[PDB]
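Colleague: A single structure is presented below for examination.
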Ligand SMILES: *[C@@H]1O[C@H](CO)[C@@H](O[C@@H]2O[C@H](CO)[C@@H](O[C@@H]3O[C@H](CO[C@H]4O[C@H](CO[C@H]5O[C@H](CO)[C@@H](O)[C@H](O)[C@@H]5O[C@H]5O[C@H](CO)[C@@H](O)[C@H](O)[C@@H]5O)[C@@H](O)[C@H](O[C@H]5O[C@H](CO)[C@@H](O)[C@H](O)[C@@H]5O)[C@@H]4O)[C@@H](O)[C@H](O[C@H]4O[C@H](CO)[C@@H](O)[C@H](O)[C@@H]4O)[C@@H]3O)[C@H](O)[C@H]2NC(C)=O)[C@H](O)[C@H]1NC(C)=O
Ligand SMILES: *[C@@H]1O[C@H](CO)[C@@H](O[C@@H]2O[C@H](CO)[C@@H](O[C@@H]3O[C@H](CO[C@H]4O[C@H](CO)[C@@H](O)[C@H](O)[C@@H]4O)[C@@H](O)[C@H](O[C@H]4O[C@H](CO)[C@@H](O)[C@H](O)[C@@H]4O)[C@@H]3O)[C@H](O)[C@H]2NC(C)=O)[C@H](O)[C@H]1NC(C)=O
Ligand SMILES: *[C@@H]1O[C@H](CO)[C@@H](O[C@@H]2O[C@H](CO)[C@@H](O[C@@H]3O[C@H](CO)[C@@H](O)[C@H](O)[C@@H]3O)[C@H](O)[C@H]2NC(C)=O)[C@H](O)[C@H]1NC(C)=O
Ligand SMILES: *[C@@H]1O[C@H](CO)[C@@H](O[C@@H]2O[C@H](CO)[C@@H](O[C@@H]3O[C@H](CO)[C@@H](O)[C@H](O)[C@@H]3O)[C@H](O)[C@H]2NC(C)=O)[C@H](O)[C@H]1NC(C)=O
Ligand SMILES: *[C@@H]1O[C@H](CO)[C@@H](O[C@@H]2O[C@H](CO)[C@@H](O[C@@H]3O[C@H](CO)[C@@H](O)[C@H](O)[C@@H]3O)[C@H](O)[C@H]2NC(C)=O)[C@H](O)[C@H]1NC(C)=O
Ligand SMILES: *[C@@H]1O[C@H](CO)[C@@H](O[C@@H]2O[C@H](CO)[C@@H](O[C@@H]3O[C@H](CO)[C@@H](O)[C@H](O)[C@@H]3O)[C@H](O)[C@H]2NC(C)=O)[C@H](O)[C@H]1NC(C)=O
Ligand SMILES: *[C@@H]1O[C@H](CO)[C@@H](O[C@@H]2O[C@H](CO)[C@@H](O[C@@H]3O[C@H](CO)[C@@H](O)[C@H](O)[C@@H]3O)[C@H](O)[C@H]2NC(C)=O)[C@H](O)[C@H]1NC(C)=O
Ligand SMILES: *[C@@H]1O[C@H](CO)[C@@H](O[C@@H]2O[C@H](CO)[C@@H](O)[C@H](O)[C@H]2NC(C)=O)[C@H](O)[C@H]1NC(C)=O
Ligand SMILES: *[C@@H]1O[C@H](CO)[C@@H](O[C@@H]2O[C@H](CO)[C@@H](O)[C@H](O)[C@H]2NC(C)=O)[C@H](O)[C@H]1NC(C)=O
Ligand SMILES: *[C@@H]1O[C@H](CO)[C@@H](O)[C@H](O)[C@H]1NC(C)=O
Ligand SMILES: *[C@@H]1O[C@H](CO)[C@@H](O)[C@H](O)[C@H]1NC(C)=O
Ligand SMILES: *[C@@H]1O[C@H](CO)[C@@H](O)[C@H](O)[C@H]1NC(C)=O
Ligand SMILES: *[C@@H]1O[C@H](CO)[C@@H](O)[C@H](O)[C@H]1NC(C)=O
Ligand SMILES: *[C@@H]1O[C@H](CO)[C@@H](O)[C@H](O)[C@H]1NC(C)=O
Ligand SMILES: *[C@@H]1O[C@H](CO)[C@@H](O)[C@H](O)[C@H]1NC(C)=O
Ligand SMILES: *[C@@H]1O[C@H](CO)[C@@H](O)[C@H](O)[C@H]1NC(C)=O
Ligand SMILES: *[C@@H]1O[C@H](CO)[C@@H](O)[C@H](O)[C@H]1NC(C)=O
Ligand SMILES: *[C@@H]1O[C@H](CO)[C@@H](O)[C@H](O)[C@H]1NC(C)=O
Ligand SMILES: *[C@@H]1O[C@H](CO)[C@@H](O)[C@H](O)[C@H]1NC(C)=O
Ligand SMILES: *[C@@H]1O[C@H](CO)[C@@H](O)[C@H](O)[C@H]1NC(C)=O
Ligand SMILES: *[C@@H]1O[C@H](CO)[C@@H](O)[C@H](O)[C@H]1NC(C)=O
Ligand SMILES: *[C@@H]1O[C@H](CO)[C@@H](O)[C@H](O)[C@H]1NC(C)=O
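Chains as they are written, first to last, in the deposited numbering: chain C, 29 to 934; chain B, 29 to 204; chain A, 20 to 241.
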């Protein structure tokens with residue numbers, strides 16, 4: 029055993045190769061590693077000591093969106109020739125010096141196996157391979173090889189397995205050379221250019237007879253049955269055929285039926301099969317695997333099942349996903365040996381019934397993304413199911429009581445269905461790991477018996493049902509959940525008690541429950557690797573400054589709409605959503621500065637935070653929305669707010685700020701700037717129009733803003749809400765109001781605001797919609813409009829001492845849906861053209877000093893709902909219209925000269 | 029939420045080509061911020077203004093579940109149906125103008141229950157029936173117009189109808 | 020300047036340069052920092068330095084990229100996507116695995132979950148490979164004097180196509196409409212999909228004192 033020269037040759041071979049991942053670690057010249065046979069990848073004869081097997085091959089281990097293989101880089105040493113009795117050589121996935129296949133391999137003289145497939149060899153196959161007469165298995169597939177002559181294959185007369193896929197195949201007469209191998213049983217010719225290399229019928233006529241069993245003809249642009257017809261000459265002995273990824277546009281050839289002994293058909297990823305299974309099938313009698321995924325069959329499913337009825341006792345896998353197949357799944361149990369049935373993403377609009385009692389051998393069933401209706405079948409007839417996907421269908425009724433007879437289920441996805449209840453025997457599954465039953469109309473209560481024996485549950489998903497979860501006190505859960513998504517579930521009036529034993533969970537979303545209890549003493553420390561916390565829309569009370577502890581993996585904290593009180597909790601260094609609004613927190617927020625944060629959306633509104641705002645906002649430059657509204661902050665706005673380059677929504681209103689306003693110049697992509705109340709003083713900032721160009725909402729109302737509205741504000745081009753009411757302004761209304769696009773469109777809904785939480789689904793981000801409110805003066809009422817960006821289009825400049833006339837350029841503002849220019853010292857006349865404003869539902873020009881008579885065009889409105897022209901020095905007659913005459917005397921009063929049908933008569 | 033539910037019931041039954049009903053959503057506590065709906069103090073609906081808005085459909089029986097409503101304007105719309113009897117439950121309606129519209133049926137007698145109505149315009153409609161007798165019992169009705177309609181029977185003149193003109197009742201199959 | 024956070028970025032006009040350490044916790048004792056150096060019109064220049072060791076040495080640790088903001092347009096309405104990228108790289112010691120890749124993300128709507136992802140691998144070091152259901156290429160495509168092998172794979176509910184170059188391309192200049200049209204005509208990618216995002220950057224697995232410098236990168240959608 030372990031001849032010294034053989035060991036020396038192996039060591040010299042290792043010397044050239046550069047290993048970085050621990051392979052060939054057993055190989056060495058140390059005394060402890062003297063035995064050759066014990067090395068990894070080396071097998072030796074038992075009588076003598078010569079090496080018989082050398083397999084330094086690897087495998088691809090794959091992750092989210094990348095695979096890695098531990099390749100061996102280096103130079104293939106020619107000392108391997110010293111291993112003169114070697115018969116098994118395998119160097120498959122390694123990438124050595126990407127060069128020619130070494131020629132010395134021609135002189136092993138006993139090789140019965142060679143596998144250089146999936147390496148990075150290039151160039152022509154050496155002509156010396158004619159010395160490999162003893163070779164039975166040859167695999168050179170999937171390299172950058174160029175095969176243009178096959179005159180060496182004639183000598184290799186002992187082959188049973190030849191693979192030359194992935195090559196730049198340019199052999200014109202490959203069929204003639206292949207037929208010379210009398211013992212060939214399979215042939216891999218995938219990814220070659222076999223579309224442009226078809227054998228003429230004379231070549232088939234003049235060829236020796238050989239019997240193949242497996243054909244791997246994929247990735248050849250056949251696109252028709254006239255280019256792969258030759259394989260039907262092997263109809264007597266074929267067992268496996270592979271034809272995936274060929275852009276086949278036509279009916280499946282009827283000669284596929286009458287292929288006796290056929291056991292493996294793969295016709296996935298085609299262009300259009302136009303009908304699917306021909307009637308020629310049902311003669312197969314030996315099928316064991318049929319794949320037709322992503323082929324656009326457009327076939328009736330019961331017809332397909334009847335046409336596969338010749339091989340019910342043998343068929344094992346049936347892949348028919350990503351197609352357009354209709355009908356219903358009726359009597360799947362009649363296929364006895366079936367183990368996989370993938371019917372994903374079809375147009376199946378039918379039922380799922382058994383209507384005959386036999387047991388099924390299915391282990392994986394997939395029916396997601398369909399339109400299936402009716403109740404679920406008796407699941408006790410599928411006792412061996414390991415996975416069950418039934419989402420995005422229209423199933424209804426209670427889940428059958430036989431679901432507890434499975435005992436092998438691992439995934440149960442019944443989300444987005446019209447299901448009605450949950451059975452009691454669900455708790456005896458004992459092997460379930462995931463339970464996704466969300467977005468159904470589920471009713472009842474889940475007691476501990478429903479969860480009594482689920483010892484391996486890791487995911488619980490009962491989101492958005494009418495469900496309740498009442499577990500008795502002194503119950504020890506038999507699981508340790510990792511994700512807990514139970515929104516809109518009645519988790520009891522008091523805080524749930526079964527969370528005491530629950531450690532090691534990554535997300536916890538128990539919002540919209542009915543928890544009206546103080547935060548328990550034991551609930552002090554979250555699991556160290558928690559990701560998403562959402563306790564929103566409850567009535568939980570207590571102190572949460574002792575609950576957030578800067579875990580490295582925080583992404584979402586949502587404690588909004590509760591009864592929490594105390595100081596501001598710590599802001600974790602990697603959190604992105606920090607929502608704390610509609611609570612009772614009080615104190616200063618100076619603790620939002622000491623650490624840099626990745627926060628992108630924080631909401632502190634509707635709280636009692638006081639004190640001056642800290643000058644620390646350069647440590648948080650990833651902000652998208654910032655809500656510090658409805659508090660009692662005070663003092664000047666910090667200059668550091670100008671460092672928020674990513675800012676797009678500033679909600680700072682209903683506070684007690686003061687002073688001038690800082691230079692938010694380099695704050696592009698800012699869409700909303702709301703500063704209602706807040707006692708701000710100074711002239712209107714000249715940089716609003718110069719720099720802010722994407723602004724859509726500008727709310728500076730109930731402040732002290734002296735000066736004039738500079739015409740620069742017209743350069744915004746996207747304003748739909750302008751509100752400067754109660755500000756103590758002056759000057760003339762700008763004549764440049766035409767330039768505001770989106771106020772001329774008759775019916776245009778602006779897109780809502782959307783920010784990005786990155787890293788949600790691993791590599792993929794998530795898009796979040798922030799539908800912020802806006803306090804407006806709508807129809808004589810101060811109201812909080814919910815989503816102003818989508819619908820509202822208002823201009824309000826009332827009670828600001830504006831002097832001059834109404835600009836004539838507002839006539840063509842079709843999309844304006846409100847106008848309030850009241851309580852100003854304006855003079856002139858109502859502009860002729862207001863009647864062109866089709867969708868104006870609120871007009872208010874009262875308490876001005878206007879003149880003239882009411883224009884006739886006002887009769888064309890037909891949508892105006894509130895009007896007020898009181899105390900405005902008009903004259904003449906009110907125009908006659910259905911809407912105008914439906915207004916009270918107060919709407920037209922205060923004019924000493926006006927007379928109309930509403931009031932008196934000429 | 030009751031008024032919002034009634035307005036939503038009105039919305040679902042009708043079809044909007046120009047999409048002027050998109051802002052009506054049930055989530056809001058009150059329908060006050062809805063477009064074409066006018067508010068008052070304490071958030072009660074007092075005007076429903078829909079003129080040349082191209083709406084097509086039929087009237088809704090639970091439209092009258094709004095107690096504090098005035099000035100119901102739905103003229104010049106493609107609404108095919110029958111005038112509900114529940115409209116009599118309006119105890120504060122002032123103006124009801126439904127003209128240039130296609131509603132079939134009679135004029136309900138319960139409509140005369142309005143003791144504060146002032147405006148009633150049902151013109152260019154196809155209503156099969158006769159003039160209600162009780163409608164003259166309201167003395168606050170200042171103008172009325174039932175013309176170009178399938179009107180038959182007698183023409184009432186006693187009481188509140190003594191101040192009107194035959195022009196209000198013209199182009200009808202039978203007036204006598 | 021140079022920033023080190025997990026989710027921080029250096030936004031500029033029409034470009035956003037991320038750090039994107041989305042799988043930082045899968046490595047032991049590593050770090051990474053990116054920085055934008057020069058901006059000139061549509062041209063950008065940035066750099067990324069990192070050092071990752073140990074842990075799950077078979078997983079991507081970060082995707083520090085340079086994404087572009089554009090109007091969300093359907094594939095059939097896209098005329099040309101001219102792109103040029105010149106980069107240089109420098110590693111230090113060994114056990115090096117990384118990748119330089121273009122990502123395109125397309126979905127059914129203009130704002131929704133990704134349903135199709137398109138890799139374009141311009142360089143593969145240390146045995147890093149694209150995701151594949153079978154581990155073998157399904158197409159060979161030559162576009163603009165540059166060979167490519169196409170791989171298909173699943174990632175959750177997303178289908179990932181991958182165009183891997185045959186020779187390392189340190190200087191790339193091409194049109195993404197060629198790849199998109201090939202996918203729509205041959206591989207069955209729907210032509211009504213909305214091209215959500217375009218981005219290009221590095222994708223390390225393991226490295227020591229590693230630095231990649233993009234001397235120029237420009238892109239646009241017409
Ligand atoms: C020369 O050397 C080379 C070395 O490079 C040799 O080549 C290697 O040969 C070995 C064989 O010894 C190969 O390993 C074998 O791989 C197969 C294939 O596995 C992959 O597919 C499985 C099925 O995938 C389908 O189904 C799943 C769902 O079930 C779906 O997700 C897939 O996308 C795919 O779906 C398609 O088909 C469906 C059904 O029709 C359709 O519905 C659908 O629409 C699609 O059309 C899959 O299960 C498997 O998953 C594994 O890998 C992933 C990723 O790494 C991982 O996440 C999983 O957890 C799994 O680990 C793969 O994706 C495989 O079936 C074989 O399994 C054998 O071994 C196991 C070991 O435990 C046994 O349990 C099995 O019973 C079985 O015996 C085996 O692993 C290898 O792939 C191959 N490599 C290369 C590069 O070629 C070559 O053979 C040598 N030469 C000679 C002459 O020998
Ligand atoms: C912390 O937890 C709270 C509560 O658990 C979360 O707040 C909820 O967030 C969800 C997800 O965004 C919201 O659900 C969505 O509501 C939208 C609005 O619903 C109204 O409008 C629609 C359309 O007019 C009506 O049909 C409906 O009856 C309501 O009147 C819906 O439009 C959304 O539907 C979309 O998604 C579903 C599910 O994917 C699809 O099936 C739909 O087809 C559609 O695409 C969705 O249902 C929910 O409203 C929020 N509740 C509250 C009280 O705010 C927080 O988001 C969470 N914190 C964080 C950070 O996420
Ligand atoms: C390990 O080495 C031994 C010895 O070289 C191998 O045993 C040999 O096996 C062959 C094949 O069976 C024998 O050849 C046959 O011998 C019989 C009897 O002499 C003869 O009638 C046949 O016609 C044929 O020639 C050979 O004799 C035998 N060696 C000895 C010494 O008996 C063994 O196969 C090797 N192991 C592996 C895995 O290769
Ligand atoms: C913005 O964020 C940075 C970093 O997150 C803050 O700087 C940090 O400030 C704290 C408090 O002063 C420093 O802690 C102290 O450091 C000294 C010197 O090392 C040490 O002797 C003390 O015992 C204490 O640990 C911390 O070192 C410092 N970090 C850095 C990187 O400078 C900064 O205060 C935040 N706010 C502003 C307005 O910049
Ligand atoms: C109506 O709104 C448009 C914006 O949509 C305004 O056009 C803008 O006018 C300013 C004038 O100062 C342009 O700024 C100039 O830019 C050039 C090139 O960057 C620079 O060399 C100049 O020194 C100046 O800064 C700005 O580019 C331009 N924007 C667009 C999109 O054309 C317009 O002024 C508004 N008012 C009208 C038309 O009365
Ligand atoms: C346009 O904006 C002005 C203010 O900028 C709005 O004026 C507001 O009008 C209402 C109704 O006339 C006033 O309510 C009043 O309340 C007093 C009691 O305080 C009551 O005695 C009066 O009879 C009346 O109900 C309100 O005070 C006033 N706001 C002020 C003076 O600041 C006007 O409603 C807006 N127009 C539209 C169409 O929304
Ligand atoms: C104006 O004239 C109309 C008819 O031209 C009056 O309507 C009629 O009013 C009388 C009551 O004075 C009604 O008589 C009652 O009829 C019911 C059955 O319907 C019966 O149970 C009562 O005992 C009583 O007899 C009559 O029905 C009604 N309609 C007709 C067609 O005659 C209307 O009241 C007059 N308005 C005035 C005078 O203010
Ligand atoms: C399935 O195979 C049978 C033979 O086993 C085919 O029947 C042949 O064709 C016709 C049938 O109309 C008859 O001449 C004989 O039954 C068979 N001919 C022979 C044996 O020479 C049958 O056609 C096949 N199924 C389909 C759909 O074609
Ligand atoms: C939870 O499941 C386990 C399965 O391991 C049950 O343990 C046995 O279950 C069988 C029937 O399923 C009984 O006949 C045995 O008596 C059980 N063993 C013991 C030691 O009790 C276990 O009973 C299940 N839980 C409950 C409450 O029945
Ligand atoms: C190939 O076989 C021939 C025939 O015996 C022999 O002469 C020649 O030397 C062999 N080639 C090698 C490289 O051994
Ligand atoms: C036809 O077959 C015979 C059989 O020996 C062979 O000699 C001849 O070369 C073949 N024809 C051609 C054109 O190769
Ligand atoms: C091969 O198939 C063709 C087409 O059916 C046929 O004409 C020819 O006779 C077949 N040859 C053999 C040897 O079976
Ligand atoms: C804790 O959770 C991790 C997943 O983060 C899992 O791998 C581990 O097995 C869990 N341990 C226990 C005891 O539940
Ligand atoms: C749960 O809370 C909702 C409102 O938050 C309430 O309508 C319902 O009656 C509550 N149910 C119980 C059982 O407390
Ligand atoms: C939580 O706050 C609301 C309003 O702020 C209040 O009505 C409610 O009583 C509070 N909860 C408790 C338990 O007091
Ligand atoms: C904010 O402080 C002022 C003055 O101390 C106080 O009047 C006001 O009530 C406080 N805000 C709240 C919400 O209590
Ligand atoms: C409007 O007021 C200004 C300010 O005094 C005045 O100059 C102007 O003449 C007035 N308009 C008219 C038409 O008199
Ligand atoms: C608008 O008003 C003018 C003037 O009264 C009138 O001539 C015109 O017909 C009106 N527009 C429509 C669409 O009726
Ligand atoms: C909507 O109404 C207008 C009248 O202003 C009319 O011209 C248009 O044809 C109507 N639209 C439809 C679809 O009937
Ligand atoms: C809709 O209303 C218009 C307005 O007069 C009318 O011309 C049209 O015929 C109506 N469409 C119908 C009744 O289908
Ligand atoms: C509303 O009108 C209907 C129709 O006549 C009537 O039955 C009902 O009693 C009315 N509602 C009330 C509260 O009177
Ligand atoms: C009613 O129809 C007639 C023609 O049938 C038309 O002349 C008249 O203008 C219409 N009424 C109104 C108010 O338009």
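A virtual CB, placed ideally from N, CA and C, is assigned to each residue, including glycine.
Would you check if the stretch 54 to 61 of chain A and the stretch 185 to 199 of chain A touch, i.e. whether three or more CB-CB distances between them fall below 8 Å?
Modeller: As far as the Cβ criterion goes, the stretch 185 to 199 of chain A does not touch the stretch 54 to 61 of chain A, which means the pair count is below three.
Colleague: Please confirm whether residue 887(C) has its beta-carbon closer than 7 Å to some beta-carbon of chain B.
Modeller: So, not an interface residue.
Colleague: Below 8 Å on the Cβ atoms is my contact criterion, and I expect residue 842(C) with residue 773(C) to pass it. Report the Cβ-Cβ distance as a whole number of Å.
Modeller: Indeed they touch by this definition, with Cβ atoms about 7 Å apart.
Colleague: Which residues, in chain order, sit with a beta-carbon under 6 Å away from any heavy atom of ligand 13?
Modeller: Answer in sequence order: 508(C), 510(C) and 532(C).
Colleague: Could you confirm whether any beta carbon from chain C is found closer than 7 Å to the beta carbon of residue 80(B)?
Modeller: Chain C contact via Cβ: present.
Colleague: Please compile the residues from chain C whose C-beta is within a distance smaller than 9 Å of the C-beta of residue 101(B).
Modeller: Within 9 Å Cβ-Cβ: 890, 910, 911 and 914.
Colleague: To be precise: take each residue of the stretch 32 to 55 of chain B, compare its Cβ to all Cβ atoms of chain C, and keep it if any distance is under 9 Å. Which residues remain?
Modeller: The residues in question are 46, 47, 48, 50, 51, 53 and 55.
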